Structures are given as C-alpha cells and as structure tokens.
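Colleague: My structure is stored as upload.txt, with compact mmCIF, C-alpha atoms (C1' of nucleotides).
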```txt
# COMPACT_ATOMS: atom_id res chain seq x y z
CA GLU A 73 18.70 4.08 18.89
CA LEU A 74 21.25 1.92 20.71
CA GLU A 75 19.91 3.23 24.02
CA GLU A 76 16.57 1.63 23.12
CA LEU A 77 18.14 -1.79 22.56
CA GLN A 78 20.41 -1.74 25.63
CA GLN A 79 17.50 -1.14 28.01
CA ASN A 80 15.41 -3.99 26.58
CA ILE A 81 18.43 -6.32 26.78
CA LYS A 82 18.25 -6.60 30.57
CA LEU A 83 14.52 -7.40 30.72
CA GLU A 84 14.49 -10.93 29.25
CA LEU A 85 18.26 -11.60 29.38
CA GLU A 86 20.17 -12.70 32.48
CA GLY A 87 23.67 -14.01 33.08
CA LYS A 88 26.31 -13.98 30.37
CA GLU A 89 23.64 -13.14 27.79
CA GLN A 90 23.18 -9.67 29.28
CA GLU A 91 26.90 -9.14 29.90
CA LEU A 92 27.71 -10.50 26.44
CA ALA A 93 25.01 -8.61 24.53
CA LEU A 94 26.03 -5.15 25.74
CA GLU A 95 29.65 -5.76 24.75
CA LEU A 96 28.42 -7.88 21.84
CA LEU A 97 27.50 -4.92 19.63
CA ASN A 98 30.47 -2.65 19.46
CA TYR A 99 30.69 -3.88 15.86
CA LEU A 100 28.40 -2.29 13.31
CA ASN A 101 28.13 -0.17 10.22
CA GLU A 102 25.80 2.76 10.74
CA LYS A 103 23.50 0.65 8.54
CA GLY A 104 23.16 -1.53 11.65
CA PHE A 105 25.31 -4.61 10.92
CA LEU A 106 28.79 -5.60 12.05
CA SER A 107 31.93 -5.72 9.90
CA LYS A 108 33.44 -8.55 11.98
CA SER A 109 32.63 -12.26 11.74
CA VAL A 110 31.59 -14.49 14.63
CA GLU A 111 34.99 -16.14 14.22
CA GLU A 112 36.67 -12.89 15.28
CA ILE A 113 34.00 -11.89 17.82
CA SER A 114 34.56 -15.12 19.76
CA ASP A 115 38.30 -14.68 20.33
CA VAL A 116 38.04 -11.07 21.55
CA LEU A 117 35.69 -11.52 24.54
CA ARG A 118 37.15 -14.92 25.54
CA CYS A 119 33.97 -16.80 24.64
CA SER A 120 33.32 -19.68 22.26
CA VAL A 121 31.46 -19.48 18.95
CA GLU A 122 28.63 -21.62 20.36
CA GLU A 123 27.65 -18.89 22.83
CA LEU A 124 27.95 -15.93 20.45
CA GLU A 125 26.14 -17.47 17.47
CA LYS A 126 23.47 -18.76 19.87
CA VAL A 127 22.73 -15.39 21.48
CA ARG A 128 22.91 -13.27 18.32
CA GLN A 129 19.95 -15.16 16.85
CA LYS A 130 17.94 -14.12 19.93
CA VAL A 131 19.20 -10.52 19.99
CA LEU A 132 17.69 -9.76 16.58
CA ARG A 133 14.39 -11.01 18.04
CA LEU A 134 14.19 -7.97 20.35
CA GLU A 135 12.79 -4.68 19.06
CA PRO A 136 14.22 -2.99 17.15
CA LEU A 137 14.37 -6.11 14.97
CA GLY A 138 17.31 -7.40 12.97
CA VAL A 139 20.12 -5.33 14.51
CA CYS A 140 23.23 -7.50 14.36
CA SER A 141 22.53 -9.61 11.26
CA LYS A 142 25.32 -9.04 8.75
CA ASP A 143 23.54 -9.87 5.49
CA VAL A 144 20.69 -7.81 4.13
CA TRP A 145 19.13 -11.19 3.37
CA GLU A 146 19.36 -12.31 7.00
CA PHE A 147 17.54 -9.09 7.89
CA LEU A 148 14.94 -9.74 5.18
CA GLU A 149 14.80 -13.47 5.97
CA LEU A 150 14.28 -12.71 9.67
CA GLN A 151 11.64 -10.09 8.83
CA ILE A 152 9.60 -12.72 6.97
CA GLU A 153 9.95 -15.32 9.74
CA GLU A 154 9.50 -12.99 12.73
CA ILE A 155 6.90 -10.63 11.18
CA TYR A 156 4.98 -12.16 8.24
CA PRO A 157 4.78 -15.92 8.87
CA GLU A 158 1.37 -16.21 7.20
CA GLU A 159 2.82 -15.30 3.79
CA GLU A 160 6.35 -16.38 4.76
CA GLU A 161 6.29 -19.17 2.18
CA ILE A 162 5.74 -16.78 -0.73
CA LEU A 163 7.91 -13.95 0.60
CA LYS A 164 11.05 -16.05 1.09
CA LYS A 165 10.52 -17.31 -2.47
CA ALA A 166 10.65 -13.74 -3.80
CA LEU A 167 14.11 -13.11 -2.33
CA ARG A 168 15.90 -16.08 -3.91
CA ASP A 169 14.81 -15.49 -7.51
CA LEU A 170 15.51 -11.79 -6.99
CA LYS A 171 19.13 -12.50 -6.03
CA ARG A 172 19.80 -14.53 -9.18
CA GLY A 173 17.89 -11.79 -11.02
CA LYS A 174 14.26 -11.97 -12.11
CA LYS A 175 11.02 -10.06 -12.65
CA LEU A 176 8.22 -9.57 -10.15
CA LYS A 177 4.45 -9.40 -10.26
CA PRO A 178 2.79 -6.12 -9.25
CA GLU A 179 1.45 -7.91 -6.17
CA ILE A 180 4.81 -9.51 -5.36
CA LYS A 181 6.53 -6.13 -5.64
CA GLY A 182 3.97 -4.56 -3.32
CA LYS A 183 4.13 -7.44 -0.84
CA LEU A 184 7.88 -6.84 -0.57
CA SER A 185 7.42 -3.11 0.08
CA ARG A 186 6.62 -3.82 3.74
CA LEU A 187 10.16 -5.10 4.34
CA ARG A 188 13.00 -2.78 5.33
CA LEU A 189 16.58 -3.02 4.12
CA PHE A 190 18.34 -1.77 7.26
CA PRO A 191 17.93 0.71 10.18
CA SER A 195 15.16 6.25 8.86
CA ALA A 196 12.88 5.76 5.85
CA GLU A 197 14.91 3.01 4.13
CA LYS A 198 12.67 0.44 2.41
CA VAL A 199 13.30 -2.08 -0.35
CA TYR A 200 10.50 -1.09 -2.73
CA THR A 201 8.56 2.16 -3.17
CA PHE A 202 5.75 2.28 -5.73
CA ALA A 203 6.07 4.41 -8.84
CA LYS A 204 2.27 4.14 -9.18
CA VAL A 205 -0.38 4.37 -6.46
CA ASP A 206 -3.97 3.34 -7.16
CA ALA A 207 -5.51 5.90 -4.78
CA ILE A 208 -4.61 8.31 -2.00
CA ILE A 209 -6.15 9.25 1.34
CA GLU A 210 -5.27 11.91 3.87
CA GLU A 211 -6.55 13.89 6.80
CA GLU A 212 -5.68 17.11 8.45
CA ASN A 213 -7.28 17.57 11.76
CA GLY A 214 -9.67 18.32 8.92
CA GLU A 215 -11.30 15.21 7.53
CA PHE A 216 -10.98 13.24 5.31
CA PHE A 217 -9.80 13.40 1.69
CA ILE A 218 -9.86 10.54 -0.80
CA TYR A 219 -8.44 11.14 -4.21
CA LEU A 220 -8.90 8.34 -6.65
CA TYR A 221 -6.48 7.52 -9.46
CA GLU A 222 -8.71 6.79 -12.47
CA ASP A 223 -10.50 10.11 -11.83
CA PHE A 224 -7.71 11.59 -13.98
CA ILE A 225 -7.99 8.80 -16.58
CA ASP A 226 -10.18 8.54 -19.68
CA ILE A 227 -10.31 6.29 -22.73
CA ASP A 228 -7.12 6.60 -24.77
CA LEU A 229 -8.20 7.05 -28.38
CA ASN A 230 -6.78 4.11 -30.32
CA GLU A 231 -5.38 4.14 -33.84
CA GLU A 232 -8.73 3.06 -35.30
CA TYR A 233 -10.55 6.24 -34.25
CA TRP A 234 -7.77 8.59 -35.37
CA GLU A 235 -7.35 6.84 -38.73
CA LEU A 236 -11.08 6.48 -39.44
CA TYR A 237 -10.97 9.90 -41.14
CA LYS A 238 -9.19 8.24 -44.08
CA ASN A 242 -20.90 7.50 -44.19
CA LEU A 243 -18.67 9.23 -41.64
CA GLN A 244 -21.61 10.71 -39.72
CA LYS A 245 -22.56 7.15 -38.77
CA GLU A 246 -18.95 6.11 -38.12
CA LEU A 247 -18.32 8.55 -35.26
CA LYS A 248 -21.72 7.59 -33.82
CA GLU A 249 -20.65 3.96 -33.38
CA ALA A 250 -17.27 4.90 -31.89
CA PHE A 251 -18.98 7.07 -29.28
CA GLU A 252 -21.47 4.25 -28.67
CA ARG A 253 -18.73 1.84 -27.58
CA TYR A 254 -16.72 4.52 -25.74
CA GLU A 255 -19.54 5.98 -23.64
CA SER A 256 -20.44 2.43 -22.62
CA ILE A 257 -16.96 1.57 -21.35
CA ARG A 258 -16.57 5.07 -19.88
CA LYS A 259 -19.65 4.34 -17.74
CA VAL A 260 -18.45 0.95 -16.48
CA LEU A 261 -15.03 2.38 -15.61
CA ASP A 262 -16.87 4.99 -13.56
CA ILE A 263 -18.65 2.29 -11.54
CA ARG A 264 -15.36 0.42 -11.12
CA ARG A 265 -13.71 3.51 -9.61
CA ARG A 266 -16.89 4.50 -7.77
CA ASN A 267 -16.60 1.16 -5.96
CA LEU A 268 -13.16 2.26 -4.74
CA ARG A 269 -14.72 5.40 -3.25
CA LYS A 270 -17.40 3.31 -1.53
CA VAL A 271 -14.76 1.10 0.12
CA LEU A 272 -12.53 3.82 1.57
CA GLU A 273 -15.40 6.01 2.77
CA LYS A 274 -16.56 2.95 4.72
CA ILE A 275 -13.17 1.87 6.07
CA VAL A 276 -12.24 5.41 7.15
CA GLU A 277 -15.00 5.39 9.78
CA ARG A 278 -13.41 2.45 11.62
CA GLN A 279 -9.71 3.07 10.96
CA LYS A 280 -9.59 6.86 11.54
CA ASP A 281 -7.11 6.45 14.40
CA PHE A 282 -4.81 4.13 12.44
CA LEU A 283 -4.24 6.47 9.49
CA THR A 284 -4.02 9.66 11.55
CA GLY A 285 -2.02 8.65 14.52
CA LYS A 286 -2.06 6.92 17.89
CA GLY A 287 -4.83 4.47 17.00
CA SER A 288 -4.30 0.81 16.18
CA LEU A 289 -6.09 -1.16 13.50
CA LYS A 290 -9.82 -1.79 14.13
CA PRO A 291 -11.37 -5.03 12.85
CA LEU A 292 -12.90 -5.20 9.39
CA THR A 293 -14.44 -8.15 7.55
CA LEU A 294 -15.00 -8.48 3.81
CA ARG A 295 -18.34 -10.05 4.71
CA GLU A 296 -19.08 -6.92 6.75
CA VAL A 297 -18.09 -4.54 3.95
CA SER A 298 -19.31 -6.50 0.94
CA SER A 299 -22.79 -6.70 2.48
CA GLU A 300 -22.68 -2.94 3.09
CA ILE A 301 -22.58 -2.17 -0.65
CA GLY A 302 -23.33 -3.88 -3.95
CA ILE A 303 -20.05 -5.73 -4.47
CA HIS A 304 -19.69 -9.36 -3.42
CA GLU A 305 -16.84 -10.53 -1.20
CA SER A 306 -15.49 -12.59 -4.12
CA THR A 307 -15.06 -9.46 -6.25
CA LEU A 308 -14.08 -7.28 -3.27
CA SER A 309 -11.17 -9.58 -2.39
CA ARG A 310 -9.47 -8.92 -5.73
CA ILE A 311 -9.90 -5.15 -5.28
CA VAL A 312 -7.95 -5.10 -2.01
CA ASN A 313 -5.16 -7.36 -3.27
CA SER A 314 -4.62 -5.56 -6.59
CA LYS A 315 -5.14 -1.95 -5.41
CA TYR A 316 -2.69 0.04 -3.28
CA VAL A 317 -3.20 3.29 -1.37
CA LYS A 318 -1.11 6.10 0.08
CA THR A 319 -1.95 7.47 3.52
CA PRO A 320 -0.52 9.95 6.03
CA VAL A 321 1.35 7.05 7.64
CA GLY A 322 2.91 4.92 4.88
CA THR A 323 1.51 3.30 1.73
CA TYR A 324 -0.38 0.05 2.37
CA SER A 325 -1.83 -2.85 0.35
CA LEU A 326 -5.47 -1.97 1.20
CA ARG A 327 -5.66 -5.55 2.52
CA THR A 328 -3.82 -4.34 5.63
CA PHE A 329 -6.96 -2.44 6.70
CA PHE A 330 -9.02 -5.65 7.06
CA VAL A 331 -8.56 -7.58 10.32
CA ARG A 332 -10.36 -10.27 12.31
CA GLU A 333 -12.20 -9.54 15.56
CA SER A 334 -12.43 -11.43 18.85
CA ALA A 335 -15.32 -10.76 21.30
CA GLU A 336 -16.86 -7.25 21.18
CA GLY A 337 -13.68 -5.89 19.65
CA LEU A 338 -11.04 -6.65 18.91
CA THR A 339 -7.95 -6.82 16.76
CA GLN A 340 -5.51 -9.47 17.93
CA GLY A 341 -3.06 -6.66 18.62
CA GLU A 342 -5.36 -4.50 20.74
CA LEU A 343 -6.34 -7.66 22.63
CA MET A 344 -2.72 -8.66 23.26
CA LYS A 345 -2.00 -5.30 24.90
CA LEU A 346 -4.91 -5.70 27.33
CA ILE A 347 -3.59 -9.01 28.68
CA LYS A 348 -0.14 -7.46 29.02
CA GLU A 349 -1.75 -4.54 30.87
CA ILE A 350 -3.68 -6.72 33.32
CA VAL A 351 -0.46 -8.52 34.29
CA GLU A 352 0.88 -5.08 35.27
CA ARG A 357 2.21 -14.28 44.22
CA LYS A 358 -1.31 -12.82 44.49
CA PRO A 359 -2.20 -12.34 40.80
CA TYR A 360 -4.71 -14.41 38.86
CA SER A 361 -3.44 -17.36 36.83
CA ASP A 362 -5.57 -17.86 33.70
CA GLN A 363 -9.31 -18.47 33.99
CA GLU A 364 -9.46 -15.74 36.63
CA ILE A 365 -8.09 -13.15 34.20
CA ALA A 366 -10.75 -13.93 31.59
CA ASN A 367 -13.23 -12.88 34.29
CA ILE A 368 -11.75 -9.37 34.47
CA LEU A 369 -12.38 -8.80 30.76
CA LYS A 370 -15.88 -10.31 30.79
CA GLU A 371 -16.76 -7.79 33.49
CA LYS A 372 -14.71 -5.30 31.43
CA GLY A 373 -17.34 -5.62 28.69
CA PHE A 374 -15.44 -8.09 26.47
CA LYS A 375 -16.53 -11.72 26.68
CA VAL A 376 -13.63 -14.15 26.23
CA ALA A 377 -12.76 -17.82 26.73
CA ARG A 378 -10.61 -19.28 29.49
CA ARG A 379 -8.40 -21.12 27.00
CA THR A 380 -8.02 -18.16 24.63
CA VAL A 381 -6.23 -15.99 27.20
CA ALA A 382 -3.73 -18.85 27.60
CA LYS A 383 -2.66 -18.67 23.95
CA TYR A 384 -2.25 -14.89 24.07
CA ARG A 385 -0.38 -15.42 27.34
CA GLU A 386 2.16 -17.52 25.41
CA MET A 387 2.73 -15.17 22.46
CA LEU A 388 3.67 -12.20 24.64
CA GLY A 389 6.02 -13.04 27.46
CA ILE A 390 4.13 -14.43 30.44
CA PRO A 391 6.11 -17.46 31.68
CA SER A 392 3.15 -18.12 33.93
CA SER A 393 0.68 -16.06 35.87
CA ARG A 394 1.42 -18.60 38.61
CA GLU A 395 5.18 -18.79 37.99
CA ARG A 396 5.23 -14.99 38.15
CA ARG A 397 4.18 -15.58 41.76
CA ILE A 398 7.27 -17.66 42.57
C1' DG B 1 -2.81 -37.09 53.30
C1' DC B 2 -6.40 -37.41 50.76
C1' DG B 3 -9.82 -35.81 47.66
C1' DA B 4 -11.93 -32.41 44.79
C1' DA B 5 -11.64 -28.45 41.99
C1' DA B 6 -8.24 -26.27 39.07
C1' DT B 7 -4.44 -24.25 36.23
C1' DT B 8 -2.40 -25.11 31.93
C1' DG B 9 -1.47 -26.92 27.62
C1' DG B 10 -2.40 -30.07 23.87
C1' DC B 11 -4.83 -32.29 19.79
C1' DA B 12 -7.86 -30.74 17.20
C1' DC B 13 -12.26 -29.82 15.44
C1' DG B 14 -15.62 -26.62 14.04
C1' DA B 15 -17.32 -22.28 12.43
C1' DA B 16 -16.92 -18.09 10.04
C1' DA B 17 -14.38 -16.28 6.30
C1' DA B 18 -11.34 -15.59 2.51
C1' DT B 19 -9.07 -16.96 -1.80
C1' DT B 20 -8.81 -19.39 -6.07
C1' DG B 21 -10.65 -22.25 -9.62
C1' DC B 22 -14.84 -22.73 -12.76
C1' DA B 23 -18.43 -21.50 -15.74
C1' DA B 24 -21.48 -18.32 -18.02
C1' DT B 25 -22.09 -14.11 -20.48
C1' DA B 26 -20.83 -10.00 -22.95
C1' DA B 27 -17.06 -8.43 -26.01
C1' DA B 28 -13.53 -7.89 -29.39
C1' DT B 29 -10.81 -9.41 -33.15
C1' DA B 30 -9.86 -12.13 -37.03
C1' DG B 31 -11.13 -14.76 -40.97
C1' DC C 1 -21.24 -11.38 -40.51
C1' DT C 2 -20.12 -15.30 -37.74
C1' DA C 3 -17.16 -17.87 -34.81
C1' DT C 4 -13.49 -18.31 -31.49
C1' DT C 5 -11.00 -17.06 -27.72
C1' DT C 6 -10.62 -13.00 -24.15
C1' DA C 7 -11.98 -10.93 -19.94
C1' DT C 8 -15.17 -9.76 -15.99
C1' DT C 9 -19.06 -10.92 -12.76
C1' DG C 10 -21.16 -14.34 -9.92
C1' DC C 11 -21.08 -18.96 -7.70
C1' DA C 12 -19.13 -22.95 -5.51
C1' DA C 13 -15.60 -25.44 -3.23
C1' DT C 14 -11.54 -25.60 -0.75
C1' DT C 15 -8.14 -23.92 2.26
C1' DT C 16 -7.32 -20.74 5.86
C1' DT C 17 -7.35 -18.77 10.18
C1' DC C 18 -8.70 -18.24 14.86
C1' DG C 19 -11.35 -19.48 18.91
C1' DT C 20 -12.89 -22.68 22.07
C1' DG C 21 -14.02 -27.16 24.35
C1' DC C 22 -12.57 -31.14 26.77
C1' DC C 23 -9.30 -34.15 28.80
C1' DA C 24 -4.88 -35.18 30.73
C1' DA C 25 -1.10 -33.94 33.65
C1' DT C 26 0.65 -31.52 37.46
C1' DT C 27 -1.07 -28.32 41.48
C1' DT C 28 -3.42 -25.98 45.27
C1' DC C 29 -6.77 -25.58 48.87
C1' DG C 30 -10.18 -27.39 52.22
```
Could I get this structure in the form of structure tokens?
Modeller:
Amino acid sequence: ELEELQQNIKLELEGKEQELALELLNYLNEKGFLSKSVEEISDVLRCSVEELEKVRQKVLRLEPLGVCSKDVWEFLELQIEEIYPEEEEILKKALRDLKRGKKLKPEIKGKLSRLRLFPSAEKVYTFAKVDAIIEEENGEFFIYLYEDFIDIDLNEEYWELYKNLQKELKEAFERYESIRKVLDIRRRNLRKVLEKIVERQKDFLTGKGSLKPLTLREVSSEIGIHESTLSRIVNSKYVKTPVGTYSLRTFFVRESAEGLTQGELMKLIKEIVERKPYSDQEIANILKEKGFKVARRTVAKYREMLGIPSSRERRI
DNA sequence: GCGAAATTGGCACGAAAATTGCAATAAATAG
DNA sequence: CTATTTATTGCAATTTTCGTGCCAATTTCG
C-alpha cells in the first residue's frame, strides 16, 4: 500500500526529494493517480514546477511502479519503458493505434496482457481463449490440453453427400482420419513441452521460486521438434497456471555460469553487498568459490543495474 | 613520491541462440 | 483430372542478446 512506498522513499531519496515526495502524494484517486495538475501542486507546497515534475518522473520508478502518473497511458507507457524495453518498440506502437481505435493480432493482444491499468487484479486484457492449462496442488502436476476436446468439424460436403455411397463415406473417413492423426501429434507436442518445462520451473508456477533458465536449443534437442518450429509454438500458444496466464515464451530464459537466470543472479550480488568490502573483481571470487564461475567485468554490469554506486564508494 | 598492480567503465566484438524469410512438398479447390 | 495457389515442415541467414576481454583513466598500496 502507501506504507510500502513511503518506506522505500527514504532509501534512495535525500533532501527535498524525500520531504517533497511524502507530502507529494496526498493527491490520488483510489485507482492510484492524482486529480490535481502539477500546476496546482507547485503553488501549494511553495515549490516550482521544475522540482515537482522532475521528481515525479523518478517516484514512479520506485516499486510499486507507476503510482503518481495521471494518465493510464503514462502508466502503460512507463510500464513498457521501465519493464519491457526489449519489445518496447512494438508495445508502444500497440497503444497509439488502440487509442484512435483499431484491431489487434492474437499475439499483440496477448503481449499487452502483461500490462496493468492501475493499482488488485486489474489488467488491460484477459484471454477469452486459453490454448492449454497447467496446475499443481501440493499434488503434482496436471496439464490439460485444449485440442483434447476438439475434433474435426464435419463440413457441409459430408452432411450434404447423402443427396456409390459405400465408397463415398470411405474417402471422407480416409481424409479425416489422416488429419485427425496429425492434429494429435500437433497437440502431443504441446504435452511434450510442458512436461519438460515443469521439471525446471516447478517453483515458479507453484510459489516462491523464480524462473529457471531454459533454452529452445535445450528443449528442441530433447524431443523431435526443431527450434525453428518450436519457436512458433511458444509465441502463438498461451497457458494458464496457478500464478497468472503467461505467453509460454515467458518460461524460456538465458543462463549465465552454472545457473542462472539474470534475476536470480542479480539477487546474489545484492546479497553479497549486504570501507572494508570488496570492490569488483574480488566479489567475482566469492561466487567462483560459491560454485558459480563468473567474469570480473560481468559483475560490474549487474552492479550498475541494481543500485551499487560503488563497492568502493560504499566505503566512503 | 614514485611505480606497479588495480578498480571501473567503455567500445565492442564474438559466440550461442532465436526469429523471420525462403523454398520444397503435400494438399485442397477450382476450372 | 490437372493445375494453381495454400499451408506446414525443414533449412539458411540475419538479427538479437548477453558475456567477456582488453585498454584507458583514475586510484590504492608497497
């Protein structure tokens, strides 16, 4: 809630920014955004509009994200910049044409489902259709498929053919049983994927765990499908889980060293930091003895993403 | 202090991988 | 029944991302 934001405000903010931020949000709709403009917010606290508009852009950058922003679009625009920069080019493009009105591709609609409109379960898009489902009790681990309920829809030709009939139904069943078999292999491939990914990702779907690395090259060499055909499965197929409904491409990550997802790795560096302490190359030595071989330079980049002004400057 | 080893960041290049365009084959519809 | 264009699998090329290596710039220790 607000208590969560106020406590994080003091960590990275000092001076007027901390004094301003606490008094800065007394203006909001329970949807999370303020009814007042920066024009009015400046005159009340006896501060200029250069200070307020400067700090507000930083305040949304602290979890929980996107608090003060007035527009839904600023919240969505900040979500794409701050969260999904890899696809940020495409995602921002989906918002503009949507405002003027427009249609959306099944992939573009699903890509936008990850965004949230405003701060519990509010989300912009929820799928009417889901291409599979997965769940676990403490009991493990159920995969429904979708097409398991689906069979060839008899077209007008078969129904009207009753208008050498013994041979006619033969041919219709010949074509049908052939396509019914290929559709079984197409859905059987779905079962092969999830049964494989569940082994790694068990923690992620259930609970406390965080995403474990998975490579298409790793998976596509595990079973008959090639990575080229596997890549279009993950993009076009969506799944429901105990925690959320994800693109199926969200379960594939890249690994550094013996692990590791970039997230799990980032937390380790932040944990090791928890005058004397090691600067950079020294900290890579802790992990190499920790079982994970790393590079001296690589810890520097992850030291920049999460706040570490310096391991040296934390000494002074 | 002076010199040598270093912390840190940059420009980037390379490797491992993923996505999209291309072509070949199996298929369906129309003439 | 044959031909054309229709879609899916497999292959190749390109772009995509992420790590790491070295050198330069500022620093610390012997």
Colleague: Which chain A residues have any atom within 7 Å of an atom of chain C, and for each, what is the nearest pair of atoms with distance in Å to one decimal, counting all atoms listed in the file, rows sorted by chain and number, as JSON lines?
Modeller:
```
{"residue": "A:377", "atom": "CA", "partner": "C:20", "partner_atom": "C1'", "distance": 6.7}
{"residue": "A:379", "atom": "CA", "partner": "C:20", "partner_atom": "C1'", "distance": 6.8}
{"residue": "A:380", "atom": "CA", "partner": "C:19", "partner_atom": "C1'", "distance": 6.7}
```
Colleague: Hey, which of B:25, B:12, B:18, B:5 ends up closest to chain A? Count all atoms listed in the file.
Modeller: B:18
Colleague: Quick one: which residues from chain A are at most 9 Å off chain B, using all atoms listed in the file, as a list in words?
Modeller: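 The answer, sorted by residue number, is residues 293, 294, 295, 305, 306, 309, 310, 361, 362, 363, 379, 382 and 394 of chain A.
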Colleague: Restricted to C-alpha atoms, what would the selected residues look like written as a tab-separated table (two decimals), in the frame of the given file?
Modeller:
```tsv
chain	number	residue	atom	x	y	z
A	293	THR	CA	-14.44	-8.15	7.55
A	294	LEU	CA	-15.00	-8.48	3.81
A	295	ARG	CA	-18.34	-10.05	4.71
A	305	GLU	CA	-16.84	-10.53	-1.20
A	306	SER	CA	-15.49	-12.59	-4.12
A	309	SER	CA	-11.17	-9.58	-2.39
A	310	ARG	CA	-9.47	-8.92	-5.73
A	361	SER	CA	-3.44	-17.36	36.83
A	362	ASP	CA	-5.57	-17.86	33.70
A	363	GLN	CA	-9.31	-18.47	33.99
A	379	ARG	CA	-8.40	-21.12	27.00
A	382	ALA	CA	-3.73	-18.85	27.60
A	394	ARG	CA	1.42	-18.60	38.61
```
Colleague: Give as a PyMOL selection string the set of residues within 12 Å of the point (7.9, -16.2, 38.8), where distances use the file's coordinates and all atoms listed in the file.
Modeller: chain A and resi 357-359+361+389-398
Colleague: Set the distance at 8 Å and use all atoms listed in the file: which residues neighbour residue 179 (chain A) once local chain neighbours fewer than 2 positions away are removed? I'd like the list as a PyMOL selection string.
Modeller: chain A and resi 177+181-183+313-314
Colleague: Fewer than 5 positions away in the same chain doesn't count, so skip those; otherwise give me all residues within 8 Å of residue 319 (chain A), counting only C-alpha atoms (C1' of nucleotides), as a VMD selection string.
Modeller: chain A and resid 208 to 210 283 324
Colleague: Work out how far apart CA of residue 215 (chain A) and CA of residue 269 (chain A) are and give it in Å to one decimal.
Modeller: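 For CA of residue 215 (chain A) relative to CA of residue 269 (chain A), the distance reads 15.0 Å.
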Colleague: Please report the interatomic distance between CA of residue 235 (chain A) and CA of residue 250 (chain A) in Å with one decimal.
Modeller: 12.2 Å
Colleague: Just give me the gap between CA of residue 236 (chain A) and CA of residue 263 (chain A) in Å, one decimal is fine.
Modeller: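 That distance, rounded to one decimal, is 29.2 Å.
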Colleague: For residue 163 (chain A), work out the shell of residues within 8 Å, counting all atoms listed in the file and skipping chain neighbours fewer than 2 positions away, then give it as a PyMOL selection string.
Modeller: chain A and resi 152+159-161+165-167+183-184
Colleague: Keeping only C-alpha atoms, write the selected residues as a CSV table (one decimal), in the coordinates of the input.
Modeller:
```csv
chain,number,residue,atom,x,y,z
A,152,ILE,CA,9.6,-12.7,7.0
A,159,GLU,CA,2.8,-15.3,3.8
A,160,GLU,CA,6.4,-16.4,4.8
A,161,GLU,CA,6.3,-19.2,2.2
A,165,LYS,CA,10.5,-17.3,-2.5
A,166,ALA,CA,10.6,-13.7,-3.8
A,167,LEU,CA,14.1,-13.1,-2.3
A,183,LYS,CA,4.1,-7.4,-0.8
A,184,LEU,CA,7.9,-6.8,-0.6
```
Colleague: List as a list in words the protein and nucleic acid residues near region 191-205 of chain A, meaning an atom at most 7 Å away when all atoms listed in the file are counted, but skip any in the same chain fewer than 6 places from it.
Modeller: residues 103, 104, 184, 185, 316, 317 and 318 of chain A
